[PDB]
Amino acid sequence: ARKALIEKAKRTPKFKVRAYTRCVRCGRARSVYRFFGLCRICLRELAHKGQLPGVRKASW
Amino acid sequence: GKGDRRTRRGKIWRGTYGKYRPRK
Amino acid sequence: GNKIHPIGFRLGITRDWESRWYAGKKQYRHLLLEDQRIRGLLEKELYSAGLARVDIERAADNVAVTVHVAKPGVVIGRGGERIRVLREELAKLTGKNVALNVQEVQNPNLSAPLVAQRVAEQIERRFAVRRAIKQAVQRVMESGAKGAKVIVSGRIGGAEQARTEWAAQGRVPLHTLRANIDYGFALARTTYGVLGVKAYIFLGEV
Amino acid sequence: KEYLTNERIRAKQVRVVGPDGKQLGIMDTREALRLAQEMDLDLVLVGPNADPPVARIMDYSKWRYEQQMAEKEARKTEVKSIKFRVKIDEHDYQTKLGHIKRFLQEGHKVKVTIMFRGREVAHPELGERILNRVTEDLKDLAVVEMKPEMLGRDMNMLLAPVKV
Amino acid sequence: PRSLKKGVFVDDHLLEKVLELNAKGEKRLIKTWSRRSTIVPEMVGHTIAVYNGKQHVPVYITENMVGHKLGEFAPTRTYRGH
Amino acid sequence: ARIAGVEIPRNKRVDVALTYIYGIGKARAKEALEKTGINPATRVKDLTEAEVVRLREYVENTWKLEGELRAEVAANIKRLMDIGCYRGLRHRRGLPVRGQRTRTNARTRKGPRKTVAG
Amino acid sequence: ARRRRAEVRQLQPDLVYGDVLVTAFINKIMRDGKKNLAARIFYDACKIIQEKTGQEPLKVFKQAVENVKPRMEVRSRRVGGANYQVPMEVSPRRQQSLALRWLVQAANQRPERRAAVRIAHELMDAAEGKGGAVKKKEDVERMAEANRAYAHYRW
RNA sequence: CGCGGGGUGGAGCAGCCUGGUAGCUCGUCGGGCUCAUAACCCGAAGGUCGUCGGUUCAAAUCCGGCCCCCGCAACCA
RNA sequence: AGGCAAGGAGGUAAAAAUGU
RNA sequence: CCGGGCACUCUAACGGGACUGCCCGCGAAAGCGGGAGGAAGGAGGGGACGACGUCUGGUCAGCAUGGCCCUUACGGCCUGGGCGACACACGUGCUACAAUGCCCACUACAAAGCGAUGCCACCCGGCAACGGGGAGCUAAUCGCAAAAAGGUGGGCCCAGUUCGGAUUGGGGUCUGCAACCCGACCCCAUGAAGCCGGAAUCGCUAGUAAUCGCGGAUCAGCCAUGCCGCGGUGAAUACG
Ligand SMILES: [Zn+2]
């Protein structure tokens, strides 16, 4: 999450097979969710906060 | 069986379709 | 090592979300980001006003920003000036109709994040950490809490070995869903390191 | 260790080696069996997976017993250490010597050590004086393979029995 | 296993390098980083220094090795012996 | 009968018997039978010499099989080996080639197990 | 396992007769949870039995089971470093289960061709007083009787 | 010089002896166990029997040479 | 016949070195 | 299918229902054993939830920061390579060694997901991956999609084989600028070891082991046989 590898938020690819999503809270690389654009830690944190609307603790 | 990508069951396992297992 | 977040456990029931807006697969992502930005910005600004619930709705893309605070005066300005500036900033950031419906938290010692923030502030001034914690707890108890807890971990007042000073009052029933506990947390941004200020206030059941 | 005895053979046509070592050829299984029965000693298949199934016509059980006995005898032969010190008590020395002699008689080696500390002055000399004397005492029983060699903190000898 | 639909892929560096040195007759080591490309009939006879991540390594080039990408002949990893 | 280069099998369903050709597997054999006009439910012991011979002819004239096929594969390897190609190099080594991680289970290219002290 | 005597499952009995033993046997035969295959197998076996020894295979099966049923066998308890084949009783249901298991084993030890067939043959052998399962049972009994010495080391 | 006896997987030892049949322990490798090492258990690898050679249907085996090792008899040492 | 207790048996309680 | 209907399934909100409440037994009491009605009985099942603290457990490479250190360099950009290297060793899997199986051929039954440049009906070209045309949906309403084991029939006949599919040759399909390193897949050929595995050792107490398929998330494409998740068939045994 180097503030230099927010060359992803730099919209330009060169080839649209380089656009690699990223988290958009820490800017992690490795556990984004298309549905949130968040890393699997950041997302979790926000879920616990209650700041991703409708995201409950799961149970069935 | 299972593993063999030139049977029916193998095909099923591998996920795909072709000569041995058609769409129809 | 255990112990999950109390709010993020009681979030289909006792306490509703700190954001409320539907959006599809196409737009939850952008909107979420926007909301996060808003929250960040407000935090940066209203640290003086003492901020708690930073509620938001997209009610047909009319952003509703609700900041439950400690000082309406400070948010507002000296009659109604700084409230406007903040709103404008939000608009600039987040280009949609944006409100800023300020509510004070009457009983500022029922809002647990506020309490936590206060404690953090005190710590930053380098006080007797344990003493401060105890005082905070007592204050909470006085307010009308049916139980309180403050966990403060870290380099206590500038210590070389990690500790976790720890104090409580009455009932802090951290397992029952029916409990309804305001959990607050404040990051004590201090001079020798970083101190964790976790605060739990048990206000009341059902 | 263990071969197919007379009728334990379906290995068709067999290499009829007696307990004597003599070849009667490639008899039937059955013929060989008959012969064994007549001769009293079992056609034991010491190489069923060979140029004719190696039909060694000895009593199997008897053979096994013999082998067992031999093995037992082999055990009973071993290394016996006698560790002196630099300073010697004479009675003790004598006793040690006697023990060594006994061991040699039995058939058992006597590795004759000393125990040295540091103090390596007349330590090696003392060791030499001891071990060599001991050897002189019991030449009839053992002669020395290993002389009184320095072990730094020991002086080792090996008295090995004269005849085997 | 060979993997190009329609459009046998060669890079317009040493596509439009080596085709001009068709006019210059032969040429004298063509150094490339584009190992991606195949060995088209135009390359035949020349000498190509493909990139080994570190080396510009030479290949004298024949009519057999047409149906192959360049990085085949520049073996990048080294040794297996211990 | 010797339906390729001395390719005799015995006593099995025709297709299966054919499969014993170095040149042929379960699909080719099935195709071949369909082409030539021999019933799959028949045997090597139960086949008639006219119908034996048709198959023998067709198969031989249609594909490259057996010793020839072996030569071809060797030839291919040579083509790959002589030229300084990755695959050729791998072949020379005794290594796997096509996309295997070699670190552990390259064995059917490495043969049995040649353990070393650590 | 610690507290209670752990209840033994009551099944739906056979849908073709009304026999729990039969059901149990089928289950035992059944590997992988392929019952409506092993049920079929069982009925094929029964049919084979009928074809040969012309009694209602259910009774035959029962007889076979009875024949294989062991009454004393060997557990293993270490005592003084030595491990002992401790010859004790086998409890009724447990014994029955063991017998069933043995039968199944025998069926799959047999060199004959098909699923039903082997089982049928095994059952017939058991009824007779011979075969593989019965032999195993006998061996087990002997092991008890060869090691009746250690009996007193009861559990 | 004599005579005697010996020679076996890396080390110590059986087999020869009874012509067919190479074990045993210590070590070397790998694994298991254990928190970890030792020990422990399991495997695996590893000997053509000094050699020339003969035998003989076939030898570690029977025979000799030569090489040695061993003790003693032995002069210059 | 069961209730225990006191005694007397006899069986079983195997082994298994260590440490920045 | 349509009308027509909310009956039933459903779906989803809300309520009820199980409380040791009823009877007998013991027990001072709790409670326990047995009924009984009840869909369920004694915490019905499964979750979510993990105390004070330990392990100075793990992470400064998710982020947050204290201190230190680097600064035309330990920073920035890119191209290529490397992460995938392989005489070895272990870990976790998958697939197997067959005939309760294997191959084909028809035929039947799920849940839960997921779908917009996304899923793709259906039609044609192709052996086929797929390609072309092309409707539908914006999702219970169209689609992925056939679930498979199963059941009916055929075949195979106990072999290293129609077991098994590694590897290796060839030709292709797709995504993407680009599949050489290093993709998946199709087809044809190749047809390896392996005949249920030493000492050891792991998992599991009921809809569970075991086996069978289906979805997902990341994601162009995938090295997924992983992970998460759902249903199908479905046991054993527990003396102690
Ligand atoms: Zn993040």
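Residues numbered from 1 in each chain as written, not as in the entry; some residues may be left out. Chains lettered and ligands numbered in written order. Part of a larger assembly, values for the part shown. Heavy atoms only, no water. Residues with missing side-chain atoms left out of burial classes, pairs and counts.

As recorded in the PDB header, cryo-EM is the method behind this entry, and the stated resolution is 4.00 Å.

K.L.:
How do you make sense of the overall build of chain C when you look at a structure like this?
P.N.:
Along the backbone of chain C there are five helices and eight strands. Reading the helices (α) and strands (β) of chain C from amino to carboxyl end gives α-β-β-α-α-β-β-α-α-β-β-β-β. What you see for chain C is a C-alpha radius of gyration of 18 Å, in line with the 17 Å of a compact globule of 206 residues. With respect to the principal axes defined by its C-alpha atoms, chain C has extents near 50 × 35 × 30 Å. With 206 residues in all, chain C has 47% of them scored as buried. Expressed as a percentage of contacts within chain C between residues at least 6 apart in sequence, the contacts between residues at least 24 apart total 61%. Just so you have it, chain C exposes about 10,600 Å², and 52% of that area is on carbon and sulfur atoms. Taking the 34 positively charged and 20 negatively charged side chains of chain C as two groups, their mean positions are separated by 5 Å. (Helix = DSSP H or I, 4+ residues; strand = E, 2+ residues; numbered from the N terminus. Rg over C-alpha atoms; globule rule 2.2 N^0.38 Å. Buried < 20%, exposed > 50% of the residue type's maximum accessible area, 1.4 Å probe, protein only. Contact = heavy atoms within 4.5 Å. Areas by Shrake-Rupley, 256 points an atom, 1.4 Å probe, with all protein chains shown as cover. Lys, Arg positive; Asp, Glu negative; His and termini not counted. Charge placed at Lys NZ, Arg CZ, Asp CG, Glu CD.)

K.L.:
Can you walk me through the domain arrangement of chain C in this structure?
P.N.:
Residue and element names in this part refer to chain C. Assigned domains within chain C: domain 1 (16–106) and domain 2 (107–206). The centre of domain 1, based on its C-alpha atoms, is set 25 Å off from the matching centre of domain 2. At the junction of the two partners, domain 1 supplies nine residues and domain 2 supplies seven residues. When domain 1 packs against domain 2, the two sides together hide about 670 Å² of surface, and 53% of this comes from carbon and sulfur. When the buried surface of domain 1 facing domain 2 is broken down by residue, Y47, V105 and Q106 rank first, second and third, together holding 59% of it. (Domains from an automatic or database assignment. Buried area = accessible area lost by both parts, 1.4 Å probe.)

K.L.:
Just to check I follow, could you spell out the coordination of the zinc ion for this structure?
P.N.:
Each donor-metal-donor angle in an ideal tetrahedron of four donors is 109.5 degrees, and each such angle in an ideal octahedron of six donors is either 90 or 180 degrees. Residues and elements named next belong to chain A. Here the zinc ion is held by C23 (SG), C26 (SG) and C42 (SG), and the distances to it run 1.9 to 2.3 Å. Each donor residue of the zinc ion belongs to the same chain, with the gaps between them written as C-x2-C-x15-C. Within this pair, whereas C23 is found in the segment before α1 (42–49), its partner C42 is found in helix α1, the two being separated by 19 residues in sequence. The buried category is assigned to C23, whose relative accessible area is 6%. (Donors = N, O, S within 2.8 Å, 3.2 Å for Na, K, Ca; no water.)

K.L.:
Please explain the protein's contact with RNA strand I as it appears in this structure.
P.N.:
All names here are of chain G. The immediate surroundings of RNA strand I are formed by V79, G80, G81, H152 and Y153. For RNA strand I, the fraction of atoms within 4 Å of the protein that belong to sugar or phosphate moieties is 46%. In the environment of RNA strand I, a phosphate oxygen lies 2.5 Å from a nitrogen or oxygen atom belonging to the backbone of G80. The residue inventory of the surface near RNA strand I, partitioned by class, reads two nonpolar, three polar and no charged. (Near = heavy atom within 4 Å. Polar contact = N/O pair within 3.5 Å; in protein donor to acceptor, adjacent residues only side chain to side chain. Nonpolar A, V, L, I, M, F, W, Y, C, P; charged D, E, K, R; others polar.)

K.L.:
What exactly am I supposed to notice about helix α2 (residues 60–75) of chain D here?
P.N.:
Each full turn of the α-helix corresponds to 3.6 residues, which orients residues three or four apart in the same direction. All names here are of chain D. The end-to-end C-alpha distance of α2, which contains 16 residues, comes to 23 Å, matching closely the 22 Å that a straight helix rising 1.5 Å per residue would cover. Buried within α2 we find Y60, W63 and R64. The buried residues of α2 occupy an angular sector of 100° when projected down its axis, which confines them to one face. On its buried face, α2 sits against β1 (4–5) and β4 (44–47). (Expected span 1.5 Å × (residues − 1). Arc of directions from axis to C-beta.)

K.L.:
What is the right way to read the interface of chain A and chain C from this model?
P.N.:
Size of an interface: often given as the accessible area lost when the parts come together. Counting residues at the interface gives 20 residues for chain A, matched by 20 residues for chain C. Approximately 1,800 Å² of surface area, both sides summed, lies buried where chain A meets chain C, with 63% of it carried by carbon and sulfur atoms. Counting across the interface, chain A meets chain C through zero salt bridges. Seen at the junction of chain A and chain C, the total is four residue pairs in polar contact. Of the residues belonging to the side of chain A that touches chain C, the class tally is nine nonpolar, five polar and six charged. (Salt bridge = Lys/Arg side-chain N within 4 Å of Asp/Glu carboxyl O.)

K.L.:
Help me out: how do you make sense of the pairing of strand β2 (residues 13–17) of chain D in this one?
P.N.:
Side-chain direction in a regular strand flips from residue to residue, so the side chains alternate between the two faces of the sheet. Residues and elements named next belong to chain D. Where β2 lies against strand β3 (residues 23–28), four bridges are found, and the strand directions are antiparallel. Residue pairing across strands places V14 opposite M27, the latter belonging to β3. Taking the residues between adjacent antiparallel strands as the criterion, β2 and β3 are bridged by five residues, where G21 takes a positive phi near 100°. (Pairing = 2+ DSSP bridges.)

K.L.:
Help me understand the packing of helix α3 (residues 90–106) of chain D against helix α4 (residues 123–137) of chain D in this model?
P.N.:
Geometrically, a packed helix pair is captured by the angle between its two axes and the distance between the axes. All names here are of chain D. Where α3 meets α4, the axes come as close as 10 Å, and the angle between the chain directions of the two elements is 50°. As far as their axial angle goes, α4 and α3 are oblique. Along this stretch, α3 crosses α4, giving a crossing that reads as right-handed. Of α4, the residues touching α3 (which contributes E90, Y93, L97 and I100) are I130, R133, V134 and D137. (Axes fitted to C-alpha atoms, helices over the stretch in contact; angles between N-to-C directions. Parallel < 35°, antiparallel > 145°, perpendicular 65-115°, else oblique. Left-handed = near helix turned anticlockwise from the far one by under 90°.)

K.L.:
Honestly, the side chain of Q95(G) in this entry has me stumped. Any pointers?
P.N.:
Within the secondary structure, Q95(G) sits in helix α4 (residues 92–109). Setting aside residues up to four positions removed in sequence, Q95(G) forms contacts with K69(G), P70(G), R71(G) and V90(G).

K.L.:
Which parts of the structure should I look at to understand empty space enclosed by the protein?
P.N.:
Remark: the empty space left among the atoms is shown by a probe the size of a water molecule rolled over them. Residue and element names in this part refer to chain F. Here the largest cavity is characterised by a volume of approximately 60 Å³. Looking at the lining of the largest cavity element by element, the count peaks at three residues for helix α1 (residues 14–19). Among the residues forming the lining of the largest cavity, the class breakdown is nine nonpolar, no polar and no charged. (1 Å grid on protein atoms, 1.4 Å probe; cavity = no way out; pocket = protein on both sides within 12 Å on 5 of 7 lines; lining within 4 Å. Points joined across faces, edges and corners; volume = space filled by probe spheres on them.)

K.L.:
How do you make sense of the packing of aromatic side chains when you look at a structure like this?
P.N.:
When we look at a pair of aromatic rings, we describe it by the centre distance and by the angle of the planes. All chains considered together, the criterion is met by 18 aromatic pairs over all chains. Considering the side-chain rings of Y3(D) and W63(D), the 5.9 Å spacing of their centres and the 10° angle between planes classify their relative orientation as stacked. Taken together, the residues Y3(D) in the segment before β1 and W63(D) in helix α2 connect sequence positions 60 residues apart. Residue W63(D) is classed as buried on the basis of its relative accessible area, which comes to 14%. When the centroid spacing of 4.0 Å and the interplanar angle of 20° are considered together, the rings of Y84(G) and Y150(G) count as stacked. Taken as a pair, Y84(G) in strand β2 (residues 82–89) and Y150(G) in the segment after α6 (133–146) lie far apart in primary sequence, 66 residues in all. Of note, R23(B) hangs over the ring of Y17(B), and the distance from its end group to the ring centre comes to 3.7 Å. Cation over ring: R58(C) sits above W21(C), and NZ or CZ is 5.4 Å from the ring centre. (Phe/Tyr/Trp six-rings, centres within 6.5 Å; stacked < 30°, edge-to-face > 60°. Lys NZ or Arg CZ within 6 Å of the ring centre and 35° of its normal.)

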